[PDB]
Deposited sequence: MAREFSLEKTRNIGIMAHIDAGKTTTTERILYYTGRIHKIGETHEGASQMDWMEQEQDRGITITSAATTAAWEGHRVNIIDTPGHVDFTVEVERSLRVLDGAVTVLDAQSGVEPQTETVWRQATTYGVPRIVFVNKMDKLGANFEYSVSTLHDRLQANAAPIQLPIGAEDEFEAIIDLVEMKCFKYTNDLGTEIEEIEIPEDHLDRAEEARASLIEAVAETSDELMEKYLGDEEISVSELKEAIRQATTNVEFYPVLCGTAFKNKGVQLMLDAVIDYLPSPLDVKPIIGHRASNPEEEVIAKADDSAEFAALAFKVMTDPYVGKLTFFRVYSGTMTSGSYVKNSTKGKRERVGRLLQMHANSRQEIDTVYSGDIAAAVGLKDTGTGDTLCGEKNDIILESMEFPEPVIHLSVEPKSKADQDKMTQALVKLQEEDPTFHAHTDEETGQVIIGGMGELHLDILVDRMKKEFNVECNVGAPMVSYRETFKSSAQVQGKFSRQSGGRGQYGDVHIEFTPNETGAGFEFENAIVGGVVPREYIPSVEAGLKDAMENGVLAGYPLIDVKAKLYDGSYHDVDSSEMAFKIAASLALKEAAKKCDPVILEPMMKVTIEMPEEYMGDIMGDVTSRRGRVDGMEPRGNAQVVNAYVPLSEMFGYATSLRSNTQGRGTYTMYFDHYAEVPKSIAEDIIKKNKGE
């Protein structure tokens, strides 16, 4: 039976600038929730509750990996430096968490350092973010005088007598602080009642609000992402850390308190599947980290959303379309490793030595096909060539690439030993290359990024392709007439067989189609794949011995070559959907920048004190976008970018592309 109920489970991340003390706060949480008074996830406990502490990345930019982490954790502790409150880095991350429906409590850390100011720090939540945040605590003293904390919910006071976290004394609220405490409690009830009609009716109706009534309302508002409790302390000198952990229990969600994860069936990507926490339901879990341990070998960390799985059983890796035997399962505690037999909905563990299961893969039952992570457009849009410095550097590169694919499912690599890497954007490529060079000690030269262009035809033509040769021992013969016509943008390749009366024998018709496919891949105008073209085979000739599958592949090739002279080919470029969220005062510079990159806007909508812009920008004009965005928003804006459609390149730009590719 499960040790801890669904209701008594807390999946949390810590969100903090390195300057706000993320690592000390993280060390203290691990100490207090451990047994004795770095892991992708630590299994821990507090007050009869399972607490799983999930590592969150330090990215200044929103990556596929940041998004994965928001989907694995359920709640977070946002840590601020008492001297400066919310900084730009803190703000971008906060806006991303709101989009993913993640409840937060705020911990104002460093209350003992020079310049500490609880009231100012709380005011930055209001001004920078328009967040409905209110103190549930008040500090007594600041800097070297920080000495006590008032719990405003219970109306009790806790005094600290040392820097170790022991011998805490409960005292009466000091006389000179009672008015200020009563005032803050009233402010706390008002901010919560803005989200609750029934509470507001009680408050205005001059009724008393019990402790249990107030906690319940705070929890409801918090787990609905309509309210943010604000707490205070100092992690390094152990004051307020135990009260912060009690607040994780009191106010942060169980796996049932947040929106369920959304996936689809492998057999039908348009059919939606909701995976809610339910031990009797079908199993579904998502892999989110892969570690290689010197003793146990490969560790794949996963979060279970629904159902249960037992060690020694077979599951489906639905992303690969392959079965996996789950041989052994580990939970990593602060001071020990623990082997377990079963993992339940809401739980996190690591599977030991999976053959073919990496980060971002879905596991489900053998009989089922739910997928929880994918991209609508999986293909790379930008590529880079990488040249190893030597044999030793070549060998290292081969190893690096295998390990990098386990960690990031969104890049592709093809390896003569020149390697071409394909990815989703300039930052993505830079992160991978950095990891190769620094972490796997590979010495290499890297080329300029190359956007993934395509070609298409703008007009139609009939052409003959005829192949007649005897080199060298006997003749090969193939003869086709084909009509080429442009297809709809996005509709792809379509081959039509209009041969009647066997003028081209049925056994060589698939060869005409396959020959056209292969030739189109090489492009006609600047070396990029030709797409969105229709081709109809309607006449030709043959001989009963001299014709061959091969002869007709070549005949079809010569026909495309003739058609490229007559069908007005053009270069197409990838157009990205660029979604920009920034404080509203930066509209002017954000929109001017979109215009300067040949982009356009289709809809912009307010969200809090922000605007959300739907823009379309050519990928070739997105180099340096994150830098300009950081500069135009004082570090406070964030964005995502995905492939959207192909568009024709302007005439003078295409001429540059052809001039350059001809050297």
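Undergrad: Missing C-alpha stretches, by deposited numbering?
TA: In sequence order, the gaps with no modelled C-alpha are 1, 39-63, 442-444, 693.
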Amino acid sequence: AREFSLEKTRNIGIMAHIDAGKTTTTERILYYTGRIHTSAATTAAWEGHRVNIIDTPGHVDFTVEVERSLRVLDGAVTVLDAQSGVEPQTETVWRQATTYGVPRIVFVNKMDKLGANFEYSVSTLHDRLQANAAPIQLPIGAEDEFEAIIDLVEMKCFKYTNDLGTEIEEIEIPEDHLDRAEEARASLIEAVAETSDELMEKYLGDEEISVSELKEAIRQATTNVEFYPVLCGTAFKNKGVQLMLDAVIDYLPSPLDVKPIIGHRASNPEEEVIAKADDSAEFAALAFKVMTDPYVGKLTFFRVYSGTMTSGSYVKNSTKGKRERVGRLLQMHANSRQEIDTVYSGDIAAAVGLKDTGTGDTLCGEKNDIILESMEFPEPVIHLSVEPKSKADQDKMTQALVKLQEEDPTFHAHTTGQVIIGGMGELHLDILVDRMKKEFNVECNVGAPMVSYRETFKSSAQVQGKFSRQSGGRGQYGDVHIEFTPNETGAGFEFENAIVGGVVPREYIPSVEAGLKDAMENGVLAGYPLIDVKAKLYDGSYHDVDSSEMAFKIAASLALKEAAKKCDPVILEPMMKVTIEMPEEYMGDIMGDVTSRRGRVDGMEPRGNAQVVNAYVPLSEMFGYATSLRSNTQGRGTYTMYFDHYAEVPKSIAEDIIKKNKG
From here on, numbers count along this sequence of modelled residues.
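Undergrad: Can you let me know which of the two, 159-167 or 316-324, has the higher average C-alpha B-factor in the entry?
TA: On average, C-alpha B-factors are higher across 159-167.
Undergrad: Can you tell me whether 449-457 has a higher mean C-alpha B factor than 356-364 in this record, or the other way round?
TA: The stretch with the larger mean CA B-factor is 449-457.
Undergrad: Which one, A217, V500, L188, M591, has the peak C-alpha temperature factor per the PDB entry?
TA: Highest C-alpha B-factor among the listed options: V500.
Undergrad: Using the temperature factors in the entry, find which of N117, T222, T415, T579 has the highest value at its Cα atom.
TA: Result of the comparison over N117, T222, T415, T579: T415.
Undergrad: Is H37 in the lowest, middle or highest third of its chain when residues are ranked by C-alpha B-factor?
TA: For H37, whose C-alpha B-factor we compare with every modelled residue in the chain, the answer is the highest third.
Undergrad: Against its chain's modelled residues, does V66's Cα B factor rank lowest, middle or highest third?
TA: Highest third - that is where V66 ends up once the chain's C-alpha B-factors are sorted.
Undergrad: Considering only modelled residues of the same chain, in which third does the CA B-factor of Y251 rank: lowest, middle or highest?
TA: CA B-factor rank for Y251: lowest third.
Undergrad: Taking the C-alpha B-factors as the PDB entry records them, is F377 in the lowest, middle or highest third of its chain?
TA: It belongs to the highest third of the chain when residues are ordered by C-alpha B-factor.
Undergrad: Relative to the other modelled residues of the same chain, rank the CA B-factor of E47 and answer lowest, middle or highest third.
TA: Middle third by C-alpha B-factor.
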